[PDB]
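Step one of this worksheet: look at the structure below.
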Amino acid sequence: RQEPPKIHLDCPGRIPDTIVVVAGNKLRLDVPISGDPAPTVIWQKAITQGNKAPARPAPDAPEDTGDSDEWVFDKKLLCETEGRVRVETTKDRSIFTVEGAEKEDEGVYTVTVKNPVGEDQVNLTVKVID
Numbered sequence: 001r002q003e004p005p006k007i008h009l010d011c012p013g014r015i016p017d018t019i020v021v022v023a024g025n026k027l028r029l030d031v032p033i034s035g036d037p038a039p040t041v042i043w044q045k046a047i048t049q050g051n052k053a054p055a056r057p058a059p060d061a062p063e064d065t066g067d068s069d070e071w072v073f074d075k076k077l078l079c080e081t082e083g084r085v086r087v088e089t090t091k092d093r094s095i096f097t098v099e100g101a102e103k104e105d106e107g108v109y110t111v112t113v114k115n116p117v118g119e120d121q122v123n124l125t126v127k128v129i130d
């Protein structure tokens, strides 16, 4: 009995989902969203490797090491550490402010907004500068 959730703000409906930091610096990200009063914007991460349905991308065997991820095995439940990353949802929007977004955080992310009326999704681009 509220408003339909959506990745929109007041008109252009364009959430600047872009978290950037200078490698080990205090970064703050603010993005307005729909939903009322407070929706559920979960900040998800994306490594664009190869999953979900099938796909026929371009054959570009890129030589590399392939060791950016790790063996988390179970599900990482401890997200916000004591002083590593702080992600909280404001009263009517999502905020991504982390003071340690290193190369391990760089890559791509997919934030999802949900509520009792509906749900939406979007991609967040990250970039750690030195």
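PDB author numbering puts the first residue of the sequence shown at 1, with every later residue one more than the last.
Quick reminder that beta carbons are idealized off the backbone N, C-alpha and C, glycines included.
Bridge partners of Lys-127 according to DSSP: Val-20. Distance from the CA atom of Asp-69 to the CA atom of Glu-104, rounded to whole angstroms, is 8 angstroms.
Looking at the backbone, the Cα of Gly-118 and that of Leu-77 are separated by about 25 angstroms. The Cβ-Cβ distance between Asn-115 and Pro-39 falls below 8 angstroms. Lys-6 sits close to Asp-120, with the two beta carbons spaced by under 8 angstroms. Closest by C-alpha distance to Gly-100, out of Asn-51, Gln-49, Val-21, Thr-112, is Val-21. Close CB contacts of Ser-34 within its chain, under the 6 angstroms cut and outside five residues either way in sequence, are with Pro-5, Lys-6, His-8 (chain order). For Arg-93, the enclosing beta strand (DSSP E) has its first and last residue at 93 to 97. According to the DSSP assignment, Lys-45 belongs to the beta strand (DSSP E) that extends over 40 to 46.
For the pair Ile-47 and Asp-74, the Cα-to-Cα distance works out to about 18 angstroms.
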